[PDB]
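Comments concern the structure below.
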Amino acid sequence: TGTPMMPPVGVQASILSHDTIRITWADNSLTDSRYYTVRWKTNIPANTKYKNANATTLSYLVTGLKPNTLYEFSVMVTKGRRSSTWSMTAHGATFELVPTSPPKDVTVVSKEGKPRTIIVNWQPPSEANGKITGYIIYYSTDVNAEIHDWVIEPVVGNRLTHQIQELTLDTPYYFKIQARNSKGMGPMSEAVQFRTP
Ligand SMILES: O=S(=O)(O)OC[C@H]1O[C@@](COS(=O)(=O)O)(O[C@H]2O[C@H](COS(=O)(=O)O)[C@@H](OS(=O)(=O)O)[C@H](OS(=O)(=O)O)[C@H]2OS(=O)(=O)O)[C@@H](OS(=O)(=O)O)[C@@H]1OS(=O)(=O)O
Ligand SMILES: *[C@@H]1O[C@H](CO)[C@@H](O)[C@H](O)[C@H]1NC(C)=O
Ligand code: NA
């Protein structure tokens with residue numbers, strides 16, 4: 001007992017998924033009663049509570065993380081009544097994930113002059129889990145029709161407005177929107193009803 005113990009060296013983060021980052025380290029001061037405690041927290045906001053975990057090996061797999069999120073990691077060694085201060089901090093940002101929220105605040109308005117033309121306006125989804133690459137607008141004269149029967153209107157790029165031309169006058173029309181990121185298409189919005197003049 002010649003207190004205190006040397007904190008871990010060579011702390012490294014390895015990105016595995018949208019929710020998994022693998023932490024490895026080195027223990028120069030090396031079967032006995034000792035154990036490591038891994039701590040992690042989201043880089044932003046500045047003040048956040050740390051999550052902890054015990055590990056007997058010189059590795060720990062941090063699970064259940066937020067997608068497209070940057071985390072701070074540290075390790076410490078605990079042996080009996082002795083302990084090491086926290087190690088050097090390692091950083092890792094989880095992979096992206098398909099959006100898991102639909103585009104929000106969807107609105108449909110007729111184009112000034114041209115009534116067979118409508119302007120769809122929306123907002124990005126909350127749970128976007130990555131950079132929005134684009135959107136897909138679906139529309140029908142039957143809200144009950146299967147998604148494949150609906151008219152497909154791709155919206156290339158992260159624009160929040162789109163124009164649809166050549167539609168039937170004085171007709172109820174229904175509108176759904178879904179978002180896109182590198183990992184695929186996220187959910188669709190609830191159908192919004194708009195009757196043409
Ligand atoms: O001297 S005693 O055997 O009575 O135990 C007290 C402390 O010895 C240390 C080092 O201090 S010193 O020997 O008094 O100078 O043990 C730590 O280092 C040696 C090997 O390194 S050395 O400096 O080249 O001698 C290891 O073996 S041993 O001499 O203790 O038998 C230790 O490995 S072990 O984990 O104890 O099995 C090593 O301890 S540790 O990895 O740091 O926990 C003190 O530790 S130190 O000051 O942090 O380096 C010993 O305290 S202890 O709690 O009894 O281990
Ligand atoms: C680690 O185990 C120690 C007992 O060995 C306990 O005090 C501590 O709360 C455990 N931590 C976690 C997060 O499992
Ligand atoms: Na993306």
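Chain labels A, B, ... are given in the sequence in which chains occur in the structure tokens; within each chain residues are numbered consecutively from 1, and ligands are likewise numbered from 1 in the order shown.
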
Would you mind writing down, as a JSON list (two decimals) with N, CA and C atoms, in the first residue's frame, each residue of range 9-85 of chain A that DSSP on the backbone assigns to strand (DSSP E)?
```
[["chain", "number", "residue", "atom", "x", "y", "z"],
["A", 9, "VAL", "N", -3.43, 4.28, -19.35],
["A", 9, "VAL", "CA", -2.78, 4.96, -20.48],
["A", 9, "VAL", "C", -3.28, 4.31, -21.78],
["A", 10, "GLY", "N", -3.13, 5.00, -22.92],
["A", 10, "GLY", "CA", -3.54, 4.49, -24.22],
["A", 10, "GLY", "C", -5.03, 4.25, -24.41],
["A", 11, "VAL", "N", -5.84, 5.14, -23.89],
["A", 11, "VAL", "CA", -7.29, 5.02, -23.98],
["A", 11, "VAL", "C", -7.73, 5.29, -25.42],
["A", 12, "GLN", "N", -8.45, 4.34, -26.00],
["A", 12, "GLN", "CA", -8.88, 4.45, -27.38],
["A", 12, "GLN", "C", -10.34, 4.00, -27.55],
["A", 13, "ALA", "N", -11.06, 4.79, -28.38],
["A", 13, "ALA", "CA", -12.45, 4.58, -28.76],
["A", 13, "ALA", "C", -12.49, 4.01, -30.18],
["A", 14, "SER", "N", -13.34, 3.00, -30.41],
["A", 14, "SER", "CA", -13.51, 2.40, -31.72],
["A", 14, "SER", "C", -15.02, 2.32, -32.01],
["A", 15, "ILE", "N", -15.47, 3.06, -33.07],
["A", 15, "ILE", "CA", -16.88, 3.13, -33.45],
["A", 15, "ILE", "C", -17.36, 1.87, -34.14],
["A", 21, "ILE", "N", -19.74, 1.97, -29.10],
["A", 21, "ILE", "CA", -18.35, 2.43, -29.17],
["A", 21, "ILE", "C", -17.52, 1.53, -28.24],
["A", 22, "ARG", "N", -16.44, 0.92, -28.76],
["A", 22, "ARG", "CA", -15.59, 0.03, -27.95],
["A", 22, "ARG", "C", -14.37, 0.76, -27.37],
["A", 23, "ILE", "N", -14.22, 0.69, -26.05],
["A", 23, "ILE", "CA", -13.11, 1.33, -25.36],
["A", 23, "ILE", "C", -12.02, 0.34, -24.94],
["A", 24, "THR", "N", -10.77, 0.66, -25.34],
["A", 24, "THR", "CA", -9.58, -0.11, -25.00],
["A", 24, "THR", "C", -8.59, 0.81, -24.27],
["A", 25, "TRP", "N", -7.73, 0.22, -23.43],
["A", 25, "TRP", "CA", -6.68, 0.93, -22.72],
["A", 25, "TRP", "C", -5.49, 0.03, -22.36],
["A", 26, "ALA", "N", -4.50, 0.61, -21.67],
["A", 26, "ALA", "CA", -3.29, -0.04, -21.21],
["A", 26, "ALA", "C", -3.09, 0.18, -19.73],
["A", 35, "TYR", "N", -10.02, -4.05, -10.51],
["A", 35, "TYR", "CA", -11.07, -3.81, -11.51],
["A", 35, "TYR", "C", -11.04, -2.38, -12.06],
["A", 36, "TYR", "N", -11.50, -2.21, -13.30],
["A", 36, "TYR", "CA", -11.55, -0.90, -13.95],
["A", 36, "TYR", "C", -12.95, -0.38, -14.00],
["A", 37, "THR", "N", -13.06, 0.94, -13.84],
["A", 37, "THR", "CA", -14.34, 1.64, -13.95],
["A", 37, "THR", "C", -14.25, 2.59, -15.15],
["A", 38, "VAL", "N", -15.14, 2.39, -16.14],
["A", 38, "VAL", "CA", -15.20, 3.23, -17.35],
["A", 38, "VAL", "C", -16.31, 4.27, -17.17],
["A", 39, "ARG", "N", -16.00, 5.54, -17.43],
["A", 39, "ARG", "CA", -17.01, 6.58, -17.37],
["A", 39, "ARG", "C", -17.18, 7.24, -18.74],
["A", 40, "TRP", "N", -18.42, 7.63, -19.08],
["A", 40, "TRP", "CA", -18.71, 8.31, -20.34],
["A", 40, "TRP", "C", -19.84, 9.27, -20.23],
["A", 41, "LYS", "N", -19.79, 10.36, -21.02],
["A", 41, "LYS", "CA", -20.83, 11.38, -21.10],
["A", 41, "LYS", "C", -20.84, 12.07, -22.45],
["A", 42, "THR", "N", -22.01, 12.59, -22.85],
["A", 42, "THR", "CA", -22.15, 13.32, -24.09],
["A", 42, "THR", "C", -21.36, 14.64, -23.99],
["A", 51, "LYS", "N", -22.12, 8.27, -16.97],
["A", 51, "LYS", "CA", -22.58, 6.89, -16.77],
["A", 51, "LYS", "C", -21.34, 6.06, -16.48],
["A", 52, "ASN", "N", -21.47, 4.98, -15.71],
["A", 52, "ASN", "CA", -20.30, 4.18, -15.28],
["A", 52, "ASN", "C", -20.46, 2.72, -15.58],
["A", 53, "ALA", "N", -19.36, 1.98, -15.56],
["A", 53, "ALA", "CA", -19.37, 0.54, -15.79],
["A", 53, "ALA", "C", -18.10, -0.11, -15.28],
["A", 54, "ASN", "N", -18.22, -1.33, -14.78],
["A", 54, "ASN", "CA", -17.06, -2.07, -14.28],
["A", 54, "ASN", "C", -16.58, -3.04, -15.34],
["A", 55, "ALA", "N", -15.25, -3.28, -15.39],
["A", 55, "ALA", "CA", -14.63, -4.22, -16.34],
["A", 55, "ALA", "C", -13.35, -4.78, -15.77],
["A", 59, "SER", "N", -10.55, -3.66, -21.85],
["A", 59, "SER", "CA", -11.54, -3.38, -22.86],
["A", 59, "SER", "C", -12.91, -3.27, -22.20],
["A", 60, "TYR", "N", -13.78, -2.42, -22.78],
["A", 60, "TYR", "CA", -15.18, -2.23, -22.39],
["A", 60, "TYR", "C", -16.03, -1.74, -23.56],
["A", 61, "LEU", "N", -17.15, -2.42, -23.80],
["A", 61, "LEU", "CA", -18.05, -2.06, -24.89],
["A", 61, "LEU", "C", -19.22, -1.24, -24.39],
["A", 62, "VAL", "N", -19.20, 0.07, -24.69],
["A", 62, "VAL", "CA", -20.26, 1.00, -24.30],
["A", 62, "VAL", "C", -21.44, 0.83, -25.24],
["A", 70, "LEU", "N", -21.49, 12.60, -30.18],
["A", 70, "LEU", "CA", -20.11, 12.60, -29.70],
["A", 70, "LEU", "C", -20.03, 12.46, -28.19],
["A", 71, "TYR", "N", -19.25, 11.47, -27.73],
["A", 71, "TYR", "CA", -19.06, 11.15, -26.34],
["A", 71, "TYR", "C", -17.60, 11.28, -25.89],
["A", 72, "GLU", "N", -17.41, 11.50, -24.57],
["A", 72, "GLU", "CA", -16.17, 11.62, -23.82],
["A", 72, "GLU", "C", -16.03, 10.33, -23.00],
["A", 73, "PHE", "N", -14.83, 9.77, -22.93],
["A", 73, "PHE", "CA", -14.61, 8.53, -22.19],
["A", 73, "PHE", "C", -13.36, 8.61, -21.33],
["A", 74, "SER", "N", -13.39, 7.97, -20.17],
["A", 74, "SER", "CA", -12.24, 7.89, -19.28],
["A", 74, "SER", "C", -12.29, 6.54, -18.59],
["A", 75, "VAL", "N", -11.14, 6.09, -18.07],
["A", 75, "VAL", "CA", -11.01, 4.84, -17.31],
["A", 75, "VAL", "C", -10.29, 5.18, -16.02],
["A", 76, "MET", "N", -10.49, 4.35, -14.99],
["A", 76, "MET", "CA", -9.80, 4.46, -13.71],
["A", 76, "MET", "C", -9.64, 3.04, -13.16],
["A", 77, "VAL", "N", -8.56, 2.82, -12.38],
["A", 77, "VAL", "CA", -8.28, 1.53, -11.77],
["A", 77, "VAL", "C", -8.52, 1.54, -10.26],
["A", 78, "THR", "N", -9.27, 0.53, -9.78],
["A", 78, "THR", "CA", -9.68, 0.36, -8.38],
["A", 78, "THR", "C", -9.18, -1.00, -7.88],
["A", 79, "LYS", "N", -8.27, -1.00, -6.91],
["A", 79, "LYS", "CA", -7.75, -2.25, -6.32],
["A", 79, "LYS", "C", -7.78, -2.10, -4.79],
["A", 82, "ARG", "N", -7.36, 1.18, -2.58],
["A", 82, "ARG", "CA", -6.56, 2.07, -3.46],
["A", 82, "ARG", "C", -7.30, 2.37, -4.75],
["A", 83, "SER", "N", -7.01, 3.54, -5.35],
["A", 83, "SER", "CA", -7.63, 3.97, -6.61],
["A", 83, "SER", "C", -6.75, 4.91, -7.41]]
```

- Surroundings of ligand 1 up to 12 Å, based on only C-alpha atoms and all ligand atoms, as a list in words: residues 1, 2, 3, 4, 5, 6, 7, 8, 27, 28, 29, 30, 31, 32, 33, 34, 35, 77, 78, 79, 80, 81, 82, 83 and 84 of chain A

- Task: Fewer than 6 positions away in the same chain doesn't count, so skip those; otherwise give me all residues within 9 Å of range 101-104 of chain A, counting only C-alpha atoms, as a count of residues only.
- Result: 16

- Have a look at CA of residue 50 in chain A and atom 13 (C, counted along the ligand's line) of ligand 2 and let me know their distance in Å, one decimal.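 Interatomic distance here is 10.7 Å.
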
- Message: Between CA of residue 185 in chain A and CA of residue 109 in chain A, what distance in Å does the model show, to one decimal?
- Response: 25.3 Å

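CA of residue 99 in chain A lies 21.5 Å from CA of residue 43 in chain A.
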
- Message: When you count only C-alpha atoms and all ligand atoms, which of these residues is closest to ligand 3: A:108, A:132, A:152, A:46?
- Response: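 Smallest separation from ligand 3 among the options: A:132.
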
- Task: Please identify every polymer residue within 12 Å of ligand 3, using only C-alpha atoms and all ligand atoms, and present the set as a list in words.
- Result: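 The neighbouring residues of ligand 3 are, in order, residues 67, 68, 95, 96, 97, 98, 99, 128, 129, 130, 131, 132, 133, 134, 135, 157, 158, 179, 180, 181, 182, 183, 184, 185 and 186 of chain A.
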
- Note on the structure: residue 107 in chain A proximity check over A:176, A:18, A:148, A:91, using only C-alpha atoms: winner is A:176

- Task: Compare A:142, A:110, A:193, A:150 by their minimum atom-to-atom distance to residue 162 in chain A, counting only C-alpha atoms, and give me the closest one.
- Result: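 The closest residue to residue 162 in chain A is A:110.
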
- Item | Nearest to residue 137 in chain A by atom-to-atom distance, counting only C-alpha atoms, from A:48, A:161, A:20, A:117 |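 Distance minimum relative to residue 137 in chain A lands on A:161.
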
- Task: Could you give me, as an MDAnalysis selection string, the residues within 7 Å of residue 194 in chain A, counting only C-alpha atoms and dropping anything in the same chain fewer than 6 positions from it?
- Result: chainID A and resid 108 172:174
